[PDB]
Structure formats: structure tokens, C-alpha cells
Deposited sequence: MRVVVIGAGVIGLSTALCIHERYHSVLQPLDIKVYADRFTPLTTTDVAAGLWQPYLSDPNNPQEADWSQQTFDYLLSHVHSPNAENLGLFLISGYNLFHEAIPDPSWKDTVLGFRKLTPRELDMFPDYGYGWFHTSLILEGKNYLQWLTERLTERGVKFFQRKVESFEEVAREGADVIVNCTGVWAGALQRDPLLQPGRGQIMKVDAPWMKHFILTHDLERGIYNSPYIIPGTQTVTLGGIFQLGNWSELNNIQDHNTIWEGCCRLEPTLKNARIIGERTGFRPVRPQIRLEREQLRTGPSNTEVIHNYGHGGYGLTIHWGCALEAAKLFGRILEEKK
């Protein structure tokens, strides 16, 4: 059995690992390769703060809510483990702020200690009149990707830096299953008008007195088009940019200004915080995650798609990897 995973973001690397844990014992030659054009630290995954939080509104596929909840339990189960530091994993609480009242999120019982904000809390934020407080987790993609890499290396998974041109090129080399975890670029392998860049930009800032995340929302502007402030391990992520169809992988001054002045107003102690770096990335936006089998091609090759995780790839990755690992088990039964 020869398996080629395309993509070394969190989606491909976690899928690779999951497929290996569940089937190395029962497939005598289980040879897994990863083809990726970019590795950490140059993926979309490395740009994310890594806060666990799905979108506010229920997903078009209800099984995504389970995949997120399965990811949360796995990560929470390891947050006190000694190797949590190597994962870039830790607990964090904070605020979601709104101008108007709004229905409670579908994941209110996935997170810890969910509640509405008391009136004295909403006084610290003049421009906002309603919101939530809850405890979640941060999984910083860069530590995590490096962790996944070294786990798959000790399991025999080999890594190759190449741009794949077609599915059929990979099948020609003799792949049996192709796992397609190509993120926002999946359209180049197979046209998909439902997949779109959601361009984001973030600032990384030294502000270690900040112990809480703070996400604000403007419901007439789209999600993550309002300031947010997410403390990481070494640095504080400042953000609030979400632009559909924008493929420019290049930091933009206007967006820099939007992030800075938006966050500084939200939390004035930021004014003196030092800017450590700035980064742009492309959420793979789709109305739903594509996570499903497809049979292509010459004499036929199995493909497992797993892309389109928008702005919640880190939040939902483990449930997705588990599901793709299931789809892989079904391929093996069909192949006898």
C-alpha cells in the first residue's frame, strides 16, 4: 500500500499521522510519503494564532461541529501533559464582544465555563454592549507542525518538497491512495468554484501583560473583519482582516493600520507594545469542508479530499484527520 499525502499544513500532517497510527499494524507495507510545496514555517497554518473557536453560526454540515468537539477533547486531554509545550498548546480564557445581542454559539458547551458577560465587564469595553466569556485553548501552528513532523519522521513517513501538477502524475508514480490536503490551492489540482481565499493579515506584538484573548465582531462586516487580540506563548497576535478573492501574499499598509488602530482602541495598553512581525495568509474558504472520497485515470486511483477549513483549520483538524482515516479504512475493505 503506497499512500501519498499532498500538503504539509496542519491538515495534511495530522491526516498522515492519524492514518499511520490506525493502520500501520494491519497493512504490512504501509508506505506514506508527504509531497508539499511549502513546509513550516511557510504555510497558512504557521500564520494562525491557533485559537480554538469555530464560526459563530452553525455549520452547513452538522458533522463539523462534532469534528471541532473531537479536536477540543483531544487537545484538552493533553494540555497538562509534559509535552504540551512542544505542541505549543495551552489554556486561555477571554472575551467575545458584540454591539447587539446574539444567539449563543453551537459550541457553547464544547468550551469550558461558557457564560454571558456581566455588566461590570462590558464597562471595560466602551464600544460594545454584549458578549461572552469562556475558556478555550491555543495550539500554535508552528510548534504543532514541527511536533507532527518529528512524530511522522520517527514513524517512517518521508517528506518531499515538490509542487504537484496533477493527480494523475502522482498516480503514475504508483500511488494507491492520494490524500489531498492542499488547502486554498486545491483548485489547481481540480477546479472547485466553491473554494476561495479569505486573505488575512496579522501583527505579532510583544505585550506579555495580556493574559486574555479579545475578539470583537461587527455583524455587518463579516467574521474576523473586526479587531482581535490573541495572546500566544511568546507574542501577542493582533488581527481583524478577512478579504474574499484577495490572492496578494503581501502585507498591506492599510490593513496594518486597520489592525493597529482597531486593537489599540480596543485595548489602549497596546500603543506602546513593540511590533515583532507581520504576516499574510489565505484561509481556504468554502461553504463546507470537502472531506470525502473520489475515484478518478488510465487502467483507477482512490483520492481522499480534505480541504476548505476556512478560518478554523486548527480548531477542527483532529476530527477531520480521524474522519479521513475512516475513509481510508473503507478503501481498504473495498480492496479486500
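In this chain the deposited sequence has gaps in the coordinates at 297, 301, listed in sequence order.
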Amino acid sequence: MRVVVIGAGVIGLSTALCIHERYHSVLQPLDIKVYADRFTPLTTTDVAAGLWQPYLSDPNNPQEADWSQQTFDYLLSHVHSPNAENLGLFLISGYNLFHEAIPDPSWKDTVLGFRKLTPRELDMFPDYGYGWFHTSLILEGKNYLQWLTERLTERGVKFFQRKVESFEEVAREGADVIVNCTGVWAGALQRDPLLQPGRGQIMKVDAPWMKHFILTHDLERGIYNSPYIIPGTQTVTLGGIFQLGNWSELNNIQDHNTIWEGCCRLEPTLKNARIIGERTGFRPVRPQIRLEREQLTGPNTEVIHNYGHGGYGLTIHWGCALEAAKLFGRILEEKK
From here on, numbers count along this sequence of modelled residues.
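Checked against the record, the higher mean CA B factor of 122-130 and 68-76 lies with 122-130. Of the two segments, 305-313 and 55-63, the one listed with the higher mean B-factor is 55-63 (C-alpha atoms only). The top Cα temperature factor in the record, among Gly281, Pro29, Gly277, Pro284, falls on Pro29.
Reading the B-factor column for the CA atoms of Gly113, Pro103, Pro197, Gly94 in the entry, the top value corresponds to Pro103.
Residue-level temperature factors show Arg290 in the lowest third of its chain, judged at the C-alpha atom. Annotation for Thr43: CA B-factor lies in the middle third of the chain's modelled residues. Sorting the modelled residues of the chain by their CA temperature factor places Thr235 in the middle third. Among the modelled residues of its chain, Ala273 has a C-alpha B-factor that falls in the highest third, as given in the PDB entry.
When the modelled residues of the chain are ordered by their C-alpha B factor, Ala8 lands in the lowest third.
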